[PDB]
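Chains as they are written, first to last, in the deposited numbering: chain B, 20 to 32, 38 to 150; chain A, 53 to 86. Every residue gets a Cβ at the ideal spot worked out from N, C-alpha and C, and that includes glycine. To keep things clear, I will list the structure first and then write my remarks on it.
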Ligand code: NA
Ligand code: NA
Ligand code: NA
Ligand code: NA
């Protein structure tokens with residue numbers, strides 16, 4: 020696709041570069057998660073690495089959780105409750121933000137799988 | 053803050069990936085499911 024929304028897992032340690045859209049943004053959830061990473065780091069070396077990861081989003085669009093994302097989160101949440109399937113709540117916020125903007129979620133990990141086929145949801149595994 | 057090109061992003065990210073252990077820390081801190 021033309022654009023996509025990176026989740027937190029793409030920032031963590038190669039990616040399938042061919043599948044990354046031409047233009048990328050992330051969300052405030054990932055900003056939060058990378059920041060908690062810096063604050064939780066046990067040793068300077070890890071702290072320095074994680075601090076570089078946090079800094080890598082400094083110029084990048086960080087999409088907020090706004091009203092449209094909130095409405096989407098509710099729809100996706102009930103979809104999951106009915107099916108008896110689960111997603112990390114912070115991953116659901118990410119998916120809600122992306123879906124509400126009709127953008128795919130770009131992920132390195134396996135959490136968004138439960139949402140495949142939900143309206144406005146497109147997951148790209150890298 | 054702007055939409056990064058694929059090459060731009062991959063330039064900012066390469067050499068700046070978090071340690072694999074961040075997955076562990078995030079499971080503890082933000083691993084709560086629906
Ligand atoms: Na995100
Ligand atoms: Na720390
Ligand atoms: Na930052
Ligand atoms: Na989507």
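Check: Euclidean distance between Cα positions of residue 54/B and residue 74/A; Outcome: 12 Å
Check: Paired residues, beta bridge with residue 113/B - DSSP; Outcome: DSSP, once it has assigned bridges, lists no residue as partnering residue 113/B.
Check: Backbone CA spacing between residue 76/A and residue 69/A [nearest angstrom]; Outcome: 15 Å
Check: Member of 31/B, 44/B, 38/B, 32/B whose CA lies at the smallest distance from the CA of residue 60/A; Outcome: 44/B
Check: Ligand 3 heavy atom lying under 6 Å from the CB of residue 52/B; Outcome: no
Check: Whole-angstrom C-beta distance between residue 130/B and residue 62/B, which should lie under 8 Å; Outcome: In fact, because the Cβ distance is near 22 Å, the residues do not count as touching under 8 Å.
Check: Closest by C-alpha distance to residue 82/B, when choosing among 90/B, 51/B, 141/B, 140/B; Outcome: 51/B
Check: Cβ-based burial, residue 128/B [other Cβ within 10 Å; buried from 16]; Outcome: buried
Check: Collapsed DSSP secondary structure at residue 36/B in the structure displayed; Outcome: Inspection of chain B shows residue 32 followed directly by residue 38; residue 36/B is thus not represented.
Check: Near ligand 4: residue 21/B beta-carbon under 6 Å from a heavy atom; Outcome: no
Check: Cβ neighbour criterion (16 or more within 10 Å) applied to residue 91/B; Outcome: exposed
Check: Interface residues of chain A facing residue 77/B [CB-CB closer than 7 Å]; Outcome: 68, 69, 70
Check: N- and C-terminal bounds of the beta strand (DSSP E) containing residue 66/A; Outcome: It is not in any beta strand (DSSP E) - residue 66/A carries neither H nor E in the DSSP assignment.
Check: Beta carbon of residue 59/B nearer than 7 Å to that of residue 85/A; Outcome: no
Check: Contact set between residue 45/B and chain A, taken where Cβ atoms lie within less than 9 Å; Outcome: 58
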